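To start, the structure under review is shown below, and the notes come after it.
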Amino acid sequence: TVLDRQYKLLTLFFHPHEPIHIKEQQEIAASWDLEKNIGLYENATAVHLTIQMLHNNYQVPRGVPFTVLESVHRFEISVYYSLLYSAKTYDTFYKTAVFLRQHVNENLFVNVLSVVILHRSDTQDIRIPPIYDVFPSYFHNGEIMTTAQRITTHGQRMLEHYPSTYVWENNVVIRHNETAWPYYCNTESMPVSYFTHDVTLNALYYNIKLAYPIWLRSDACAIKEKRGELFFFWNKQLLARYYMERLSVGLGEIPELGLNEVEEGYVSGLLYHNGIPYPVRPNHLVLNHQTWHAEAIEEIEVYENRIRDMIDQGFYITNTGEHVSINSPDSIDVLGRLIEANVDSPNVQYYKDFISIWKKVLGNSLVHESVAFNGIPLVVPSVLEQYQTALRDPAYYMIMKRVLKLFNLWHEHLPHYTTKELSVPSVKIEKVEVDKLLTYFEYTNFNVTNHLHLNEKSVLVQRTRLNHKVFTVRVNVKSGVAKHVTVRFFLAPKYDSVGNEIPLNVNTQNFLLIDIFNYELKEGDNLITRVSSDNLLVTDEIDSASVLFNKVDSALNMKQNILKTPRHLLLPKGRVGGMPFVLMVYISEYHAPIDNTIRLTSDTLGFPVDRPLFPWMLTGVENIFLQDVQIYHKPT
Amino acid sequence: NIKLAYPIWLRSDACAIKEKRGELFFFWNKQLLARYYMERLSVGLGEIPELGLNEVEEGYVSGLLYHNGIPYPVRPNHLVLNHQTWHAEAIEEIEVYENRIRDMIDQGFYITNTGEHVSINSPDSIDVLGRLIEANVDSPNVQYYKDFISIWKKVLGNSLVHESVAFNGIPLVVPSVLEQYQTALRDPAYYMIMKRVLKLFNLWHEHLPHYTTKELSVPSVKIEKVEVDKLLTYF
Amino acid sequence: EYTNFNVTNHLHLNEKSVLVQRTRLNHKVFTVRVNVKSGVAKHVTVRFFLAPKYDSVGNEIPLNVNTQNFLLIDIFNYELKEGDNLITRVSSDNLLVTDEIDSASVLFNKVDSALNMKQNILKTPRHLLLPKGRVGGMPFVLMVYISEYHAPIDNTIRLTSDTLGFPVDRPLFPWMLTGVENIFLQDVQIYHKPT
Ligand SMILES: *[C@@H]1O[C@H](CO)[C@@H](O[C@@H]2O[C@H](CO)[C@@H](O[C@@H]3O[C@H](CO[C@H]4O[C@H](CO[C@H]5O[C@H](CO)[C@@H](O)[C@H](O)[C@@H]5O)[C@@H](O)[C@H](O[C@H]5O[C@H](CO)[C@@H](O)[C@H](O)[C@@H]5O)[C@@H]4O)[C@@H](O)[C@H](O[C@H]4O[C@H](CO)[C@@H](O)[C@H](O)[C@@H]4O[C@H]4O[C@H](CO)[C@@H](O)[C@H](O)[C@@H]4O[C@H]4O[C@H](CO)[C@@H](O)[C@H](O)[C@@H]4O)[C@@H]3O)[C@H](O)[C@H]2NC(C)=O)[C@H](O)[C@H]1NC(C)=O
Ligand SMILES: *[C@@H]1O[C@H](CO)[C@@H](O[C@@H]2O[C@H](CO)[C@@H](O[C@@H]3O[C@H](CO[C@H]4O[C@H](CO[C@H]5O[C@H](CO)[C@@H](O)[C@H](O)[C@@H]5O)[C@@H](O)[C@H](O[C@H]5O[C@H](CO)[C@@H](O)[C@H](O)[C@@H]5O)[C@@H]4O)[C@@H](O)[C@H](O[C@H]4O[C@H](CO)[C@@H](O)[C@H](O)[C@@H]4O[C@H]4O[C@H](CO)[C@@H](O)[C@H](O)[C@@H]4O[C@H]4O[C@H](CO)[C@@H](O)[C@H](O)[C@@H]4O)[C@@H]3O)[C@H](O)[C@H]2NC(C)=O)[C@H](O)[C@H]1NC(C)=O
Ligand SMILES: *[C@@H]1O[C@H](CO)[C@@H](O[C@@H]2O[C@H](CO)[C@@H](O)[C@H](O)[C@H]2NC(C)=O)[C@H](O)[C@H]1NC(C)=O
Ligand SMILES: *[C@@H]1O[C@H](CO)[C@@H](O[C@@H]2O[C@H](CO)[C@@H](O)[C@H](O)[C@H]2NC(C)=O)[C@H](O)[C@H]1NC(C)=O
Ligand SMILES: [Cu+2]
Ligand SMILES: [Cu+2]
Ligand SMILES: [Cu+2]
């Protein structure tokens with residue numbers, strides 16, 4: 001019965017903005033009544049709250065932007081999640097989903113239903129469609145969407161007048177985004193536009209926040225996920241990759257964010273479904289004038305000073321006034337939880353969310369204090385207030401760099417690793433060599449037909465993306481005696497924006513983990529010959545909505561999880577003629593430990609680059625090797 | 001439609017030469033600004049803000065979209081004009097041109113394209129004064145008296161100049177509301193700029209002799225009483 | 001490459017020769033060959049200009065803007081025959097750029113022991129003529145312009161009577177270069193040898 005259930009849940013994601021077209025779903029929406037069917041829900045309080053909200057009309061109006069950073073939106077989405085998750089039977093769950101689809105905003109319903117499907121036992125096999133297919137308007141420029149609407153409604157008669165559009169195959173018409181948006185931010189935004197505007201990266205951020213919502217309290221499974229450590233590690237990896245891209249395109253180090261003025265602005269060029277332009281941050285934005293920006297920055301400074309005091313003093317304050325030490329090396333998780341100010345933080349009243357205030361300030365979304373129903377505020381969020389568009393703005397990377405400065409301060413106070421924790425007896429690496437590192441640009445097609453308001457075709461968008469050829473890394477190692485070992489590869493830049501070789505201690509923060517795997521080392525001489533195509537950290541493209549629908553309706557793979565980095569974004573572009581980089585191979589013992597499942601050997605994720613490392617403490621540690629490589633770009 | 005009737009790029013003929021282009025410009029701008037000030041007083045917004053050369057407090061968000069779907073440029077609140085931006089150079093050029101206009105007004109004459117002095121002290125020189133201020137194709141000397149109002153519009157439109165060209169030729173531009181006559185009036189900055197130009201015009205008019213009791217009087221005509229029946233407005 | 005400079009004249013000798021080693025840019029000899037139809041026989045002047053092709057961001061710079069960025073690298077005379085011709089200019093022959101002047105020690109030796117006219121104090125050094133470029137190639141634009149020969153030691157420089165920056169002193173547009181066939185714009189790549 002998997003196929004039919006998946007088909008129905010897909011039909012729930014066919015046209016969010018438009019109303020229900022399938023008749024029996026209308027019958028269910030008109031027939032079901034929560035009041036009399038309270039007995040089928042475990043959480044009766046959620047049922048009462050939902051009934052009250054739906055009766056008083058105290059809900060976010062339909063056809064309006066939705067943001068989780070607003071309090072009332074969080075309350076509404078949490079209540080709906082509690083109601084949906086408390087469904088005893090799958091039938092009750094589906095019937096509540098239909099009713100909410102009828103009586104709930106599109107974005108909120110999609111998000112809550114996806115979260116419920118991911119975290120429900122009865123729906124551990126259902127596959128949810130990609131976000132960039134349900135709402136294409138968050139990943140393509142407004143001109144593209146308007147042209148799509150025109151070419152569709154024209155009946156493809158004036159389409160042949162358009163030279164940009166073309167018919168690649170029957171029933172599909174494709175455009176070019178190569179020639180468009182001549183007006184753009186420029187500054188530091190254009191050279192890295194092939195990485196920051198990538199659809200897959202924003203989709204990955206959205207899916208990550210689907211797996212770990214800020215408004216959802218962890219269960220036994222989510223309590224072993226080490227939420228804070230994942231936050232820190234993922235932010236570090238993203239910032240290291242972004243810095244590598246900037247060095248590749250010659251833009252320099254990530255600008256440091258102050259408290260007086262921000263020089264770089266952002267113009268999104270995106271449009272909401274209704275047609276409201278996004279807020280724009282001007283260049284040379286002033287933060288020390290008579291504006292709400294000043295008050296927001298003062299609150300941000302207070303909260304960050306509280307975090308700094310907690311880090312330095314070595315303990316945090318409970319909600320009653322007790323001191324809880326965080327000086328042990330295993331307190332990184334609670335530190336991250338406190339910094340994030342999620343619902344799992346011990347004390348959110350004193351440790352508040354300054355990152356959201358940073359996002360509000362640097363989004364320059366004019367607060368007009370407008371409310372509907374004498375209730376829910378009406379907000380026009382900027383790109384930074386949406387996880388599916390935040391990564392397009394450099395300000396996000398600047399803010400995360402500040403948070404990573406806080407994290408580095410905390411890690412600095414920790415004792416440095418010893419020659420016993422960081423050494424494996426009688427394992428010496430001889431030589432490490434990669435076959436080649438080449439990158440090239442290629443074309444890809446995305447389906448944006450779900451935005452078209454069909455009455456009674458399939459428009460696609462062509463985009464340019466980076467990719468790399470398969471590469472093999474071969475290392476020879478002395479093994480001493482037989483062992484079961486783990487090998488980790490790290491990649492870092494070798495020269496900074498000016499030309500001086502970066503010391504290893506500084507590079508410790510710029511090392512990007514690209515592969516980790518097990519091996520059984522024999523006695524004597526060995527050979528590791530890892531191929532990039534075998535790594536499980538990076539995955540291939542997930543099947544599109546159309547492909548999944550075809551494979552389902554016509555009637556598995558475990559190499560496509562929503563919480564993995566796309567393969568084509570693993571390797572930096574480099575330069576034509578070669579760009580130098582540093583590879584680091586580290587071998588350690590194997591210390592023995594589907595929607596949201598990731599686990600490796602029990603140890604800090606960034607080991608051994610989480611703490612600062614110095615050359616003088618690597619003498620006597622032979623199982624770590626630092627080689628130099630060159631990354632090339634194939635021009636086309 | 002007004003700019004259709006008197007395009008800046010069209011030279012006047014016998015009919016358009018009797019239209020007194022400059023006087024029409026001055027009169028229409030004065031009427032528009034007086035009506036706008038009356039509206040502001042009616043809605044309790046106060047006097048029209050005076051435009052400086054350092055910072056503009058009031059911004060504008062149009063909410064309009066072009067046919068293709070490109071959003072209009074947005075001017076932020078508290079825009080800074082004395083930083084390391086092209087705004088500073090534009091403002092410097094504007095100041096130079098306005099100082100040239102002020103010197104021409106005060107000295108009582110304007111300079112021809114050859115270097116001759118032509119007096120503008122008579123009361124009938126308002127037309128040529130307006131033509132010079134507008135810097136249209138009918139101005140005697142556009143090379144020395146240049147169009148600072150267009151530079152003001154460019155500066156206060158905050159249209160990011162990206163120096164993009166097609167055909168190795170025609171630049172591609174995304175104009176703001178102030179650069180289009182069909183959308184300029186939506187922005188208060190237009191009224192501020194026109195108030196500055198009207199300050200220049202008032203300076204010129206102040207230098208003129210005041211009317212006498214002979215020019216301003218009609219023999220044996222006395223008004224007794226004036227009364228209107230009612231003045232009501234509705235939406 | 002490395003070069004040595006003599007700084008002994010600063011030393012306050014009482015009753016040696018210290019030198020300083022410095023790194024400088026240089027280029028290998030290059031030859032430019034152009035084929036031209038000549039019509040009838042003439043005495044002509046050929047000028048070469050070099051400019052960048054892309055700006056700091058990546059957009060191709062329009063010719064009008066590049067008019068201010070054109071660097072004159074060579075100017076010389078020729079006698080064009082009738083029919084097909086061939087110019088084969090070698091960088092080592094240009095008189096605009098000169099070689100290093102003899103140092104004080106070298107000049108003192110050559111004088112006390114007991115001419116050349118390719119060393120004037122008012123000429124650009126040869127090794128600074130060509131931009132460094134990039135490893136892997138950097139695109140640039142060469143412009144060859146041919147005009148008529150309009151007939152015109154310490155401080156002496158004179159060429160055909162005309163504006164020095166002709167024809168790049170005034171702005172130039174593509175649409176006004178139709179009908180002018182004696183001007184050609186080619187693209188080249190400059191490479192840097194890493195060491
Ligand atoms: C079915 O559906 C419903 C609706 O969908 C779901 O209901 C939600 O359920 C969750 C979980 O139960 C609730 O969250 C918790 O709520 C309680 C109660 O908060 C309410 O009352 C507060 C006022 O009383 C509190 O303060 C007074 C003094 O002023 C005090 O006398 C009283 O005893 C009590 O402490 C309100 O303040 C509060 O909201 C107000 O304040 C909020 C904060 O400023 C503000 O945001 C609101 O807008 C409003 O202004 C609310 O009305 C909370 O006590 C509890 O708080 C814990 O977690 C937060 C972080 O989320 C943390 O900051 C707190 O310090 C506290 O942390 C303790 O518990 C954590 C786990 O919950 C734990 O991880 C911490 O370590 C800590 O516990 C450990 O340490 C502490 C000492 O630090 C120790 O005491 C403990 O024993 C332990 O050792 C949560 O916020 C939602 O409120 C509720 N929402 C609704 C709409 O119903 C329901 O979950 C669903 N059920 C099922 C089965 O699915
Ligand atoms: C058919 O179709 C064609 C195409 O559609 C139409 O052609 C247009 O026709 C109009 C009208 O004839 C032209 O406008 C006039 O052009 C002339 C010539 O300008 C050209 O040449 C200039 C260079 O030569 C000038 O300067 C040098 C020194 O450097 C000097 O030696 C030489 O004698 C001459 O003075 C160029 O500079 C100019 O363009 C360049 O400069 C422009 C300004 O910076 C710049 O914008 C351009 O981009 C370019 O850089 C051009 O190539 C102009 O002389 C004439 O200028 C008058 O008007 C302007 C204001 O518009 C004013 O500033 C000048 O001072 C001058 O004003 C005198 O004439 C006015 C009337 O024209 C008069 O109102 C003024 O009072 C003044 O006349 C009186 O006072 C002066 C002393 O101040 C006195 O000398 C007089 O005798 C008199 O007493 C116009 O700009 C268009 O150029 C032309 N366009 C094209 C594409 O062909 C044609 O009209 C159509 N025909 C029909 C029948 O329909
Ligand atoms: C893009 O996605 C739409 C669905 O949003 C696809 O629509 C399908 O088109 C085929 C054409 O043969 C139909 O048989 C299916 O029934 C359609 N499905 C739906 C849900 O309408 C469209 O084919 C996709 N196009 C591409 C190129 O992937
Ligand atoms: C650097 O310059 C000094 C002159 O300032 C040179 O000094 C000469 O050294 C030779 C050595 O055999 C003497 O014979 C000359 O009499 C010196 N001349 C003077 C004026 O003192 C010195 O040789 C130069 N060194 C180099 C390497 O060029
Ligand atoms: Cu959409
Ligand atoms: Cu500034
Ligand atoms: Cu201000």
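All residue names refer to the structure tokens as shown: chains lettered A, B, ... in order, residues numbered from 1 in each chain, ligands numbered from 1 in order.
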
If DSSP is run on the backbone, what residues of segment 106-234 of chain B are strand (DSSP E)? A reply as number ranges by chain would be ideal. B: 109-111, 117-119

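Considering only segment 51-97 of chain A, backbone DSSP assigns alpha helix (DSSP H) to residues 51, 52, 53, 54, 55, 56, 71, 72, 73, 74, 75, 76, 77, 78, 79, 80, 81, 82, 83, 84, 85, 90, 91, 92, 93, 94, 95, 96 and 97 of chain A.
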
Could the residues in this selection be saved with N, CA, C and O atoms as a CSV table (one decimal), in the first residue's frame?
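part_15.csv was written with the following content:
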```csv
chain,number,residue,atom,x,y,z
A,51,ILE,N,-8.9,24.1,17.1
A,51,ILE,CA,-10.3,24.4,16.9
A,51,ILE,C,-10.5,25.9,17.2
A,51,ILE,O,-11.2,26.6,16.5
A,52,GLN,N,-10.0,26.4,18.3
A,52,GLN,CA,-10.1,27.8,18.7
A,52,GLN,C,-9.5,28.7,17.6
A,52,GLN,O,-10.2,29.7,17.2
A,53,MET,N,-8.4,28.4,17.1
A,53,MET,CA,-7.7,29.2,16.1
A,53,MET,C,-8.5,29.2,14.8
A,53,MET,O,-8.7,30.3,14.2
A,54,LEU,N,-9.0,28.0,14.4
A,54,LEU,CA,-9.8,28.0,13.1
A,54,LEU,C,-11.2,28.6,13.3
A,54,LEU,O,-11.7,29.1,12.3
A,55,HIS,N,-11.7,28.7,14.5
A,55,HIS,CA,-13.0,29.3,14.7
A,55,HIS,C,-12.9,30.8,14.8
A,55,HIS,O,-13.7,31.6,14.2
A,56,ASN,N,-11.9,31.3,15.5
A,56,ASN,CA,-11.7,32.8,15.6
A,56,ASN,C,-11.0,33.4,14.4
A,56,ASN,O,-10.8,34.6,14.3
A,71,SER,N,7.0,35.1,16.0
A,71,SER,CA,6.5,34.3,17.2
A,71,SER,C,5.2,33.6,16.9
A,71,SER,O,5.1,32.4,17.1
A,72,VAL,N,4.2,34.4,16.4
A,72,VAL,CA,2.9,33.8,16.1
A,72,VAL,C,3.0,32.7,15.1
A,72,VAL,O,2.3,31.7,15.2
A,73,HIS,N,3.8,32.9,14.1
A,73,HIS,CA,4.0,31.8,13.1
A,73,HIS,C,4.5,30.5,13.7
A,73,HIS,O,4.1,29.4,13.4
A,74,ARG,N,5.5,30.7,14.6
A,74,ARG,CA,6.0,29.5,15.3
A,74,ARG,C,5.0,28.9,16.1
A,74,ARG,O,4.8,27.6,16.1
A,75,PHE,N,4.1,29.6,16.8
A,75,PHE,CA,3.1,29.0,17.6
A,75,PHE,C,2.1,28.3,16.8
A,75,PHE,O,1.7,27.1,17.1
A,76,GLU,N,1.7,28.9,15.6
A,76,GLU,CA,0.7,28.2,14.8
A,76,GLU,C,1.3,26.9,14.2
A,76,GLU,O,0.6,25.9,14.2
A,77,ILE,N,2.5,27.0,13.7
A,77,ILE,CA,3.1,25.8,13.1
A,77,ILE,C,3.4,24.7,14.1
A,77,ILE,O,3.2,23.5,13.8
A,78,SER,N,3.8,25.1,15.3
A,78,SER,CA,3.9,24.1,16.4
A,78,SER,C,2.6,23.4,16.7
A,78,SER,O,2.6,22.2,16.9
A,79,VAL,N,1.5,24.2,16.8
A,79,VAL,CA,0.2,23.6,17.2
A,79,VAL,C,-0.2,22.7,16.1
A,79,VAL,O,-0.7,21.6,16.4
A,80,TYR,N,0.0,23.1,14.8
A,80,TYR,CA,-0.5,22.2,13.7
A,80,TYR,C,0.4,20.9,13.7
A,80,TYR,O,-0.1,19.8,13.4
A,81,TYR,N,1.7,21.0,14.0
A,81,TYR,CA,2.5,19.9,14.0
A,81,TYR,C,2.1,18.9,15.2
A,81,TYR,O,2.1,17.7,15.0
A,82,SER,N,1.8,19.5,16.3
A,82,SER,CA,1.3,18.7,17.4
A,82,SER,C,0.0,18.0,17.1
A,82,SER,O,-0.2,16.8,17.4
A,83,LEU,N,-0.9,18.7,16.4
A,83,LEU,CA,-2.1,18.0,16.0
A,83,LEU,C,-1.9,16.9,15.0
A,83,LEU,O,-2.4,15.8,15.2
A,84,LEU,N,-1.1,17.1,14.0
A,84,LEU,CA,-0.8,16.1,13.0
A,84,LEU,C,-0.1,14.9,13.5
A,84,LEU,O,-0.4,13.8,13.2
A,85,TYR,N,0.9,15.2,14.4
A,85,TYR,CA,1.7,14.1,14.9
A,85,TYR,C,0.9,13.2,15.9
A,85,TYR,O,1.3,12.1,16.2
A,90,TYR,N,-3.1,6.3,10.4
A,90,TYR,CA,-2.8,7.0,9.1
A,90,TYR,C,-3.9,7.6,8.4
A,90,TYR,O,-3.8,8.7,7.8
A,91,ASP,N,-5.1,7.0,8.5
A,91,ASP,CA,-6.3,7.6,7.9
A,91,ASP,C,-6.6,8.9,8.6
A,91,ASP,O,-6.9,9.9,7.9
A,92,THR,N,-6.6,9.0,9.9
A,92,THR,CA,-6.8,10.2,10.6
A,92,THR,C,-5.8,11.3,10.2
A,92,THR,O,-6.1,12.5,10.1
A,93,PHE,N,-4.5,10.9,10.1
A,93,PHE,CA,-3.5,11.8,9.7
A,93,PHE,C,-3.8,12.4,8.3
A,93,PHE,O,-3.7,13.6,8.1
A,94,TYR,N,-4.1,11.5,7.3
A,94,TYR,CA,-4.4,12.0,6.0
A,94,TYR,C,-5.6,12.9,6.0
A,94,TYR,O,-5.7,14.0,5.3
A,95,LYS,N,-6.7,12.6,6.8
A,95,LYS,CA,-7.9,13.4,6.8
A,95,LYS,C,-7.6,14.7,7.5
A,95,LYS,O,-8.2,15.7,7.0
A,96,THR,N,-6.8,14.8,8.5
A,96,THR,CA,-6.4,16.1,9.0
A,96,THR,C,-5.5,16.9,8.0
A,96,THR,O,-5.6,18.1,8.0
A,97,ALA,N,-4.6,16.2,7.3
A,97,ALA,CA,-3.8,16.9,6.3
A,97,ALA,C,-4.7,17.5,5.2
A,97,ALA,O,-4.4,18.7,4.8
```

Residues of chain A within 10 Å of ligand 6: nearest atom pair and distance (Å, one decimal) for each, counting only C-alpha atoms and all ligand atoms, sorted by chain and number, as JSON lines?
```
{"residue": "A:260", "atom": "CA", "partner": "ligand 6", "partner_atom_place_in_ligand_line": "1 (Cu)", "distance": 9.8}
{"residue": "A:261", "atom": "CA", "partner": "ligand 6", "partner_atom_place_in_ligand_line": "1 (Cu)", "distance": 7.0}
{"residue": "A:262", "atom": "CA", "partner": "ligand 6", "partner_atom_place_in_ligand_line": "1 (Cu)", "distance": 7.8}
{"residue": "A:263", "atom": "CA", "partner": "ligand 6", "partner_atom_place_in_ligand_line": "1 (Cu)", "distance": 6.2}
{"residue": "A:264", "atom": "CA", "partner": "ligand 6", "partner_atom_place_in_ligand_line": "1 (Cu)", "distance": 9.7}
{"residue": "A:283", "atom": "CA", "partner": "ligand 6", "partner_atom_place_in_ligand_line": "1 (Cu)", "distance": 7.8}
{"residue": "A:284", "atom": "CA", "partner": "ligand 6", "partner_atom_place_in_ligand_line": "1 (Cu)", "distance": 4.5}
{"residue": "A:285", "atom": "CA", "partner": "ligand 6", "partner_atom_place_in_ligand_line": "1 (Cu)", "distance": 7.3}
{"residue": "A:286", "atom": "CA", "partner": "ligand 6", "partner_atom_place_in_ligand_line": "1 (Cu)", "distance": 7.6}
```

Tell me the residues of chain B close to chain A, meaning within 8 Å using only C-alpha atoms, as a PyMOL selection string. chain B and resi 63+68-71+74+76+160+162+164+172+174

Ligand 3: which residues are within 9 Å, counting only C-alpha atoms and all ligand atoms, as a PDB file with C-alpha atoms, in the first residue's frame?
```pdb
ATOM      1  CA  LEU A  10       2.034  13.702  -3.738  1.00  0.00           C
ATOM      2  CA  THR A  11      -1.416  14.894  -4.820  1.00  0.00           C
ATOM      3  CA  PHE A  14       0.304  19.431  -6.722  1.00  0.00           C
ATOM      4  CA  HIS A  15      -0.911  23.058  -6.526  1.00  0.00           C
ATOM      5  CA  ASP A 133       9.762  22.066  -7.486  1.00  0.00           C
ATOM      6  CA  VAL A 134       6.860  22.918  -5.165  1.00  0.00           C
ATOM      7  CA  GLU A 169      11.813  17.690 -26.665  1.00  0.00           C
ATOM      8  CA  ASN A 171       5.903  18.511 -24.312  1.00  0.00           C
ATOM      9  CA  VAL A 172       8.813  20.563 -22.891  1.00  0.00           C
ATOM     10  CA  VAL A 173       9.949  24.120 -23.655  1.00  0.00           C
ATOM     11  CA  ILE A 174      13.261  25.388 -22.281  1.00  0.00           C
ATOM     12  CA  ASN A 445      17.379  21.814 -16.447  1.00  0.00           C
ATOM     13  CA  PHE A 446      14.883  22.543 -13.670  1.00  0.00           C
ATOM     14  CA  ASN A 447      11.083  22.063 -13.871  1.00  0.00           C
ATOM     15  CA  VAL A 448       9.061  25.172 -12.871  1.00  0.00           C
ATOM     16  CA  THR A 449       5.708  24.011 -14.240  1.00  0.00           C
ATOM     17  CA  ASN A 450       4.161  23.919 -10.756  1.00  0.00           C
ATOM     18  CA  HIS A 451       4.101  27.738 -10.612  1.00  0.00           C
ATOM     19  CA  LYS A 457       2.698  22.320 -20.895  1.00  0.00           C
ATOM     20  CA  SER A 458       6.023  21.855 -19.091  1.00  0.00           C
ATOM     21  CA  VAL A 459       8.287  24.913 -18.955  1.00  0.00           C
ATOM     22  CA  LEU A 460      11.877  24.327 -17.844  1.00  0.00           C
ATOM     23  CA  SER A 544      12.729  15.223  -9.574  1.00  0.00           C
ATOM     24  CA  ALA A 545       9.018  15.354  -8.808  1.00  0.00           C
ATOM     25  CA  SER A 546       8.183  14.241 -12.354  1.00  0.00           C
ATOM     26  CA  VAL A 547      10.666  11.353 -12.266  1.00  0.00           C
ATOM     27  CA  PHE A 549       5.827  10.432  -9.956  1.00  0.00           C
ATOM     28  CA  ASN A 550       6.577   8.386 -13.077  1.00  0.00           C
TER      29      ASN A 550
END
```

Using only C-alpha atoms and a cut-off of 9 Å, which residues of chain B sit close to chain C? Please list them as a PyMOL selection string. chain B and resi 164-165+168-169

Residues near residue 59 of chain B, cut-off 9 Å, only C-alpha atoms, skip fewer than 2 positions along chain, as an MDAnalysis selection string: chainID B and resid 56:57 61 74:79 156 187:189

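Between atom CA of residue 137 of chain C and atom CA of residue 192 of chain C the interatomic distance comes to 7.4 Å.
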
With a distance threshold of 10 Å and counting only C-alpha atoms, extract the residues of chain C near chain A and express them as an mmCIF file with N, CA, C and O atoms, in the first residue's frame.
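So part_30.cif came out as:
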```cif
data_model
loop_
_atom_site.group_PDB
_atom_site.id
_atom_site.type_symbol
_atom_site.label_atom_id
_atom_site.label_comp_id
_atom_site.auth_asym_id
_atom_site.auth_seq_id
_atom_site.Cartn_x
_atom_site.Cartn_y
_atom_site.Cartn_z
ATOM 1 N N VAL C 57 35.620 42.855 -13.155
ATOM 2 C CA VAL C 57 34.474 42.023 -12.810
ATOM 3 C C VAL C 57 34.206 40.927 -13.835
ATOM 4 O O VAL C 57 33.733 39.848 -13.446
ATOM 5 N N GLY C 58 34.470 41.168 -15.118
ATOM 6 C CA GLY C 58 34.332 40.156 -16.155
ATOM 7 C C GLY C 58 33.628 40.617 -17.420
ATOM 8 O O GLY C 58 33.641 39.876 -18.414
ATOM 9 N N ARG C 134 49.085 36.437 -16.717
ATOM 10 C CA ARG C 134 48.794 35.403 -15.737
ATOM 11 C C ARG C 134 49.346 34.073 -16.224
ATOM 12 O O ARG C 134 49.566 33.876 -17.422
ATOM 13 N N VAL C 135 49.570 33.163 -15.279
ATOM 14 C CA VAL C 135 49.936 31.796 -15.628
ATOM 15 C C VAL C 135 48.707 31.104 -16.201
ATOM 16 O O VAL C 135 47.672 30.992 -15.533
ATOM 17 N N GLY C 136 48.816 30.635 -17.440
ATOM 18 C CA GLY C 136 47.694 30.075 -18.165
ATOM 19 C C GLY C 136 47.117 30.999 -19.214
ATOM 20 O O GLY C 136 46.305 30.549 -20.033
ATOM 21 N N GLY C 137 47.500 32.266 -19.214
ATOM 22 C CA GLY C 137 47.092 33.206 -20.245
ATOM 23 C C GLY C 137 46.136 34.259 -19.715
ATOM 24 O O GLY C 137 45.201 33.960 -18.961
#
```
